[PDB]
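FYI, the deposited numbering numbers position 39 of the sequence shown as 39, with every residue one higher than the one before it.
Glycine included, each C-beta is placed from N, C-alpha and C at the ideal position.
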Amino acid sequence: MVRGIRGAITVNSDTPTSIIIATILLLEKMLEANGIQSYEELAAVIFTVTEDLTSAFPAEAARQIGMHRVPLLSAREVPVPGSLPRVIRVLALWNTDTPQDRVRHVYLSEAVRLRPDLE
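Laid out in structure tokens, this is it:
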């Protein structure tokens with residue numbers, strides 16, 4: 001059984017340190033919210049970035065905190081006019097029996113407004 005975990009975070013400027021710092025806090029928050037203390041049961045982690053972020057790869061931040069053995073891949077998000085700018089999104093594929101409705105998803109900074117749970 002595989003369960004996806006979603007995260008999203010915004011940054012203020014397209015600079016390498018900000019992109020890396022934002023991604024670190026997002027990943028560690030996604031892990032802590034779901035009680036994952038080890039990287040061994042992540043099948044893969046996929047990142048997307050909006051078009052206005054280009055100075056650093058978000059996967060770089062994942063290697064920094066020691067995910068060297070976790071398969072990573074990054075891509076570009078769709079440039080919908082008026083959409084929230086400067087957003088890094090994460091999809092982590094987690095080997096777990098945890099039910100879909102019990103998995104915790106993490107949205108930070110201005111990305112709070114993207115939460116699918118809000119009515």
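Contact set for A61: own chain, Cβ-Cβ below 6 Å, skip 5 residues either direction: By the criterion of a C-beta distance shorter than 6 Å, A61 is surrounded in its chain by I20, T23 and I24, once the five residues flanking it on both sides are discounted.
With DSSP run on the structure shown, which of helix, strand or coil describes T50? coil
Bridge partners for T10 per DSSP, in chain order? Paired residue(s): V87.
Using DSSP bridges, identify the partner residues of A59. For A59, which the question treats as bridged, DSSP gives no partner whatsoever.
Residue range of the alpha helix (DSSP H) that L108 falls in? Unbroken run through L108 is the beta strand (DSSP E), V106 to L108; no alpha helix (DSSP H).
From this set, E40, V112 and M1, which residue's C-alpha is nearest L26's C-alpha? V112
Examine the Cβ distances between the segment 78-95 and the segment 2-19 and report whether three or more of them are shorter than 8 Å. yes
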